[PDB]
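>>> structure here, sequence nowhere to be found:
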């Protein structure tokens, strides 16, 4: 028995693109006609602040570069000067059936994988993973830089069963930390709902709204697009922000990456905090791979030991492997 | 007698390119002014996630490969943030005269083929194949990934004889499963209609409209385009979605592949579900061909045993080869 | 490996990226201190290909400088 | 060679997944041989059974939508393909490229037989519509009826019937339903004129059909040399590279009751022009004629200017 | 300028406007050396860029005569 | 006979090429096998892989992935139809492909290795009297070389179509049908591929593209081919059929045969603020380019005016036809013909771009909503044409200016007649 050549998992926990709007605090219960945050342009004169080559650290050349500074046009998004609260809204569906791949070659490999995931569900439920997903929904970690330095963050989560709201959760997202996973009654109810969605025992659709009290006219941080070339035929535009129709927005993969920031079992440390579950679990902001394949704790070696050679790892690493299965991906040769 | 050197069957059950639109649930009766789902672009940044070679474990090399960012431009398609229902519409025309090939070199072979298919219709009608086709129209199997995890799928079929509608069918596509084939009076009446269209006793035209209740702003899945690579050139957009006049669309052959998923008589198993009908019946997702020619159950040897050698196969295999006749093909040496 | 076309200089960005799976680098075209253009060109581009990627912007600069600083005409 | 007694208008035919390549040199609109084959197959299927003969096609192309893409670093274009099913060993297929497109075209068909004599015009037009709404035009399916409820019925218009001023007025009211598109004609005489005025420099013929239909940029005597209309390359027809063959002597023929030949493609110049620029609506009819003593299997539109 | 009290010699970047295969005159360094009656190496000494790497500045008469011979300034 | 003196040197060069990868154990046997057909015994190599793989100037390969048939290379002339082009006169180096699966391209190289300046490569296929000295040996090697050369370019004779060979019916004059199997014109597409590579690339085209990038002069123009599509052959191994080289890796590029309007499925020109008031703003790139090209023609010829005036009249008629087509395209995308802000030209633009009869423009609006107002639309079109084509004061001093004025008046009269006939 060997691993399959092609094997692909569709993602559970599908989020939508998060849209931004603005308003006043204590009007957030009437926050349905809040106007969208618009992306504008402004001019930026760039100073000289890079490291010099020290083959160009001559003072005359430095003053000649400082005398002629360069200029760009930059997309920017701010709150209005009379509004102090950013509202960020998206929808998230929890589907279930996380073990079954959407593509396979070997029938024996997918049968062995299916009974391995079935035994994982039979030993314990999705309660740990859904508890950590409900935690990452409870604190507004999906507000990436909009959460930083906020005065007060409040998350409203609505389980939407028919076309109307079935249940309502209210979380103080700064009380729920970004570090440790506490225990709370409403949070455990939300975790049980997400676990019932992940086990295929229901169809879960949630509307998540987050209110961050940032300040009047302050800069918000939508998702940022990609610029390949730049010239004088444009406005020398060097920064482009993402936008659905006419609204500052966050990419759905950004919300998804902040959702699965649950991995606290990486072998390097645990005092840093959770990272996102990835094969060779890596942080782009740190440029480093936790769970190196030299150690026996990346996703591929753990999965091949669990399925092929029946070496079931520790229950923390079992949570990690099943979280990687929930994340989805292309796994194979 | 021998098989003809040329043999060419025109396809019946011609579908249209299924166009997507969006709206709210309980407005689906007035879903004629629903705006189209458009295709946008966005930017993705990912990490190293695939399997590494054993010579490339090398943690310094992995950290070096992480620190080079991986960016793509991706075509995406979403619902609007105030619409939760995807409406997919296509037209399907049934022609009849399924026995006659569009080309045959041998006249005696085509006369034996015509009397063989005439005796096949004389023994029993198209009602098994027509009932399975009405099943694949009843459950929304043409919603390929748009049906996965949907809340409520509902299919409307309009038989249009003259310039107005002749008859309507209303189906709950989630009640009718994708595994087994039921019997229902509306479904059997629709089966009688597709059977009478297949028998040359008329020309049937249907308009099929499926409403899936996905969620606000969620991602839909139209067809993907084929771009052969410009290898020694710049990096390309690594996803392209099919669109007809700025409307997200599924290919005609994708709906046609979804319609003929009727084959439950392949010798490998019967619990995995129906597959599409083709000679050497092979599904691209599994990467493996059922109805191998080393067994005498593929289409070609069954056709040669029925026509040339007068060995009439079993009635489910007669259904299989007749469904391959409706599907069409270019058969020959 | 900068490229010098008269008073113009095209320099790479000292660390590449991966666009579409392929490795790329940002090339900046300067006219002295004035930054004229930036493009994202892949690796395995020869210096000739980098040259006539920016030849059109150089030609537009030449047309504009030839029309702007044209001498006077007496009739 | 035959002036039609009346004209039928296939009003707005929508076509999906039609062939775009249609030739080893061009890729745009399909060849007019497909439209002549369509009207001959329509004559076979419903034309014979009504004491009607059909002769030629006028085509106007209301809209075009090619399934192509530009590969992001080049000014050329590539074709969009489809995923064929796997082979018998389940490995992969052999990628053979095909070019699909979407068309909106009208058809102008001439009739000579007992048109208004045995049957009225409306029932003839309606059953030709019902017949043509069950087949395919150029490799792609005739897209059936959608929420275009307006443009359904045809107009069997008598060509020479009525007063001559009334003839111009009814052909103008028929051209009123064909203004969105631009008709297609053959331009063999303009090809020959440019060929003779080019042959003062060099005696070559395919270099002309190259140089007729590009953007010729002549230097400072920076200008662009231009033709007054829309000059396109078209497949001019079929020229046999082999003699006549009997039905039985060639293996793997389509029919052992029809004589065969090996042929090559003749390429020529066509023209897209506004339909108001031609005063007689019977000028646009594309006839195919055979000269089987030699290889000339030609489609054109004679009696056009 | 023609006034030698206010004239300063061109830098290497200003010299590359007129001399070089990418320059606006399209005149190489060998042809510009042959216009001034020099060798290619002594003229390439002008086109180094920094005063340390064996670079001297062009003279008033040679610069104005070169602008005369390239057809840039009339320099009567 | 060159095989005794110069073909010995050619076989020695081939032996040095085959012995460049020469080793002691296997490469020694490879050098021995090369020297067995290196001095005068090349007829053994021609018996091996010289006549077993032959092809014609039009291979039946690209008609399918694998279609059994004989790619005949006949038909050197067919100038019957004097309105078409193709293989009627190839003439200038009609190349041929090695149709088949023979990897022994050394025979195809040796067919031209002694072909230039020697009668061995040209007479080896037939009339091998120079092949008597071309063998450089006795009658056995010369007979083997002549047999291989005859078997190289030998026709298949017995015809074979396929299912994957595009068999087509063509109707006869008042009788039955004929079956037709087109071959892929490999020599013709290679000739036009060489012509398109000479047009698109090459140093003369590069120099002319530089001399048009700036506005300087060069005593010849150049060529640009927009919308060239690419078609690939076979796949990752583009040598299942020959004449498909390394750079020509199945590369068959096709010239455009497009209708005039390729895009803009959405209504690009609505009755907007900046356009509903000024209906003659000309929201179109092709119409604007045609107007700029018509306005650029302003000089007068002493003997070219007799055709230049007719060309300008044809250009003005094409501009009027494009205006009528733009009116039709606007009329195709007007479900609700409703007036909005900035539509102040709605007396003329809303009348000439009038949709189907609404409730507000009823029979009671038979002069307001249902009014046939082609005179004001013709006046606005004539004003837009006079702004685009401002005639000189002495432009009518020759007959070209009076002819242009008469052509503009006749085109405005034809547009007014089409608008009045279409005005209800």
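That came through fine. Residues are numbered from 1 along each chain as shown, chains lettered A, B, ... in the order given.
>>> from here on, just use CA atoms for contacts and neighbour counts.
OK.
>>> please, where are all the helices along chain A?
A:59-67, A:107-123, A:127-138, A:185-198, A:252-259, A:299-307, A:315-327 (DSSP state H).
>>> looking at those helices, which is nearest to chain E?
Nearest to chain E, of all those, is helix A:59-67, at 11.1 Å by CA to the nearest CA.
>>> identify the residue spatially nearest to residue F:139, adjacent ones excluded.
For residue F:139, ignoring the flanking residues on the chain, the nearest one in space by CA to CA, 6 or more residues apart in numbering or on different chains is residue F:132 at 7.5 Å.
>>> what residue in the stretch 101-250 of chain A comes nearest to chain D?
Using CA to the nearest CA, the single residue of the stretch 101-250 of chain A nearest to chain D is residue A:105, 10.3 Å away.
>>> how much space between that residue and chain C?
Separation of residue A:105 from chain C (CA to the nearest CA, to the nearest Å): 25 Å.
>>> again, but for residue A:6
19 Å.
>>> count of neighbours near that residue?
Neighbour count of residue A:6, defined by other CA atoms under 10 Å in any protein chain shown: 17.
>>> so it sits right up against residue A:103, yeah?
Yes - checked against CA atoms under 8 Å, the pair residue A:6 and residue A:103 is within contact range at 6.6 Å.
>>> up against chain B, what does chain C have?
Residues of chain C found near chain B (CA under 8 Å from any CA of the partner chain) are C:15-22, C:41-42, C:44.
>>> of these, keep whichever come out buried.
Applying 16 or more other CA atoms under 10 Å in any protein chain shown to the residues of chain C next to chain B, the neighbour count classes C:16-20, C:22, C:41-42 as buried.
>>> tell me which two in these are the farthest apart.
Based on CA to CA, the longest span within those runs between C:16 and C:20 and measures 12.9 Å.
>>> can you pull the contacts of residue A:85?
A:22-25, A:79, A:211-216 (CA atoms under 8 Å, 6 or more residues apart in numbering or on different chains).
>>> one more time with 10 Å
Contact analysis of residue A:85 by CA atoms under 10 Å, 6 or more residues apart in numbering or on different chains lists A:21-28, A:79, A:150-153, A:210-218.
>>> number of residues surrounding residue A:95?
Residue A:95 is flanked by 24 other residues according to other CA under 10 Å.
>>> please apply the same query to residue A:178.
Residue A:178 has 17 nearby residues by other CA under 10 Å.
>>> how much space between it and residue A:155?
14 Å (CA to CA, to the nearest Å).
>>> list the residues that contact the one residue in chain E that gets nearest to chain B.
Nearest residue of chain E to chain B (CA to the nearest CA) works out as residue E:22 at 26.2 Å. Counting by CA under 10 Å, 6+ apart, residue E:22 makes contact with C:4-8, E:16, E:28.
>>> just the buried residues of those.
Neighbour-count burial (16+ other CA under 10 Å) is assigned, among the contacts of residue E:22, to C:4-8, E:16.
>>> near chain D too, which of those residues?
Counting by CA under 10 Å from any CA of the partner chain, the subset of these that neighbours chain D is empty.
>>> any idea which helix or strand carries residue D:102?
strand D:100-111 (DSSP states H and E).
>>> what helices and strands are in contact with that strand?
Judged by 3 or more CA pairs under 10 Å, 6 or more residues apart in numbering or on different chains; DSSP states H and E, strand D:100-111 is in contact with strand D:6-19, helix D:32-42, strand D:54-59, strand D:63-66, strand D:157-158.
>>> tell me which of those approaches chain C most closely.
Chain C lies closest, by CA to the nearest CA, to one member of the helices and strands packed on strand D:100-111: strand D:63-66, at 25.1 Å.
>>> what about the closest one, distance to the chain center?
15 Å (CA atoms, centre = their mean, to the nearest Å).
>>> residue most distant from the centroid, chain F?
The centre of chain F is farthest from one residue, residue F:364, which by CA atoms, centre = their mean lies 56.2 Å away.
>>> rewinding a little: mean neighbour count and distance to residue B:234 added to the helices of chain A, as TSV?
Below are those laid out as TSV (neighbours: other CA atoms under 10 Å in any protein chain shown; distance: least, CA to CA, whole Å):
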stretch	mean neighbour count	distance to residue B:234
helix A:59-67	12	32
helix A:107-123	15	38
helix A:127-138	22	39
helix A:185-198	20	41
helix A:252-259	20	25
helix A:299-307	20	31
helix A:315-327	20	30
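>>> so which of these is nearest residue D:104?
helix A:252-259 (38.4 Å).
>>> quick check: end-to-end length of stretch D:272-279?
From the first residue to the last, stretch D:272-279 extends over 15 Å; the measure is CA to CA.
>>> thinking again about what came up before, what sits against the residue of the stretch 101-250 of chain A closest to chain D?
Contacts of residue A:105 (CA under 10 Å, 6+ apart): A:3-7, B:284-288.
>>> can you tell me which of those are buried?
Those of the contacts of residue A:105 that meet the buried threshold are A:3-4, A:6-7, B:284, B:286-288, by 16+ other CA under 10 Å.
>>> in what element of secondary structure is residue F:196 found?
Under the assignment here (DSSP H and E), residue F:196 is part of helix F:186-200.
>>> show me what the helix or strand hosting residue F:13 is packed up against.
For residue F:13, the enclosing helix or strand under DSSP H and E is helix F:6-18. Applying 3+ CA pairs under 10 Å, 6+ apart, one finds that helix F:6-18 contacts helix F:26-35, helix F:106-113, helix F:131-135.
>>> deepest of these, which one?
Among these, helix F:131-135 has the highest mean neighbour count (mean count of other CA atoms under 10 Å in any protein chain shown), at a mean of 25.
>>> how close does the residue of chain D positioned farthest from its centre get to chain E?
What lies farthest from the middle of chain D is residue D:89; by CA atoms, centre = their mean that is 41.1 Å. Distance, residue D:89 to chain E, using CA to the nearest CA: 59 Å.
>>> same check on residue D:274?
With CA to the nearest CA as the criterion, residue D:274 and chain E are 49 Å apart.
>>> nearest residue to that residue in space, please, no chain neighbours.
Nearest to residue D:274 is residue D:182, by CA to CA, 6+ apart, at 4.7 Å.
>>> and if you look at residue F:262?
Nearest residue to residue F:262 in three dimensions, chain neighbours excluded: residue D:64, at 6.2 Å (CA to CA, 6+ apart).
>>> before we move on, what about residue A:273?
residue A:179 (5.6 Å).
>>> helix or strand: which one has the closest residue in space to residue D:186 that isn't next to it in sequence?
Residue nearest to residue D:186 in three dimensions, not counting chain neighbours: residue D:270, with 4.5 Å by CA to CA, 6+ apart. Using DSSP H and E, residue D:270 sits within strand D:260-273.
>>> what's the spacing between that strand and its chain's center?
Centroid separation for strand D:260-273 versus its chain: 11 Å, with CA atoms, centre = their mean.
>>> what does the helix or strand just after it contact?
Per DSSP H and E, the first helix or strand lying C-terminal to strand D:260-273 is strand D:287-291. Strand D:287-291 is contacted by residues D:1-2, D:32-33, D:35-37, D:40, D:54-58, D:237-239, D:296-302, F:80, F:170-173, F:177-178 when judged by CA under 10 Å, 6+ apart.
>>> which helices and strands sit right next to the following helix or strand past strand D:287-291?
Downstream of strand D:287-291, the first helix or strand assigned by DSSP H and E is strand D:296-300. Contacts defined by 3+ CA pairs under 10 Å, 6+ apart place strand D:296-300 against helix D:32-42, strand D:54-59, strand D:183-186, strand D:230-240, strand D:260-273, strand D:287-291, strand F:168-171.
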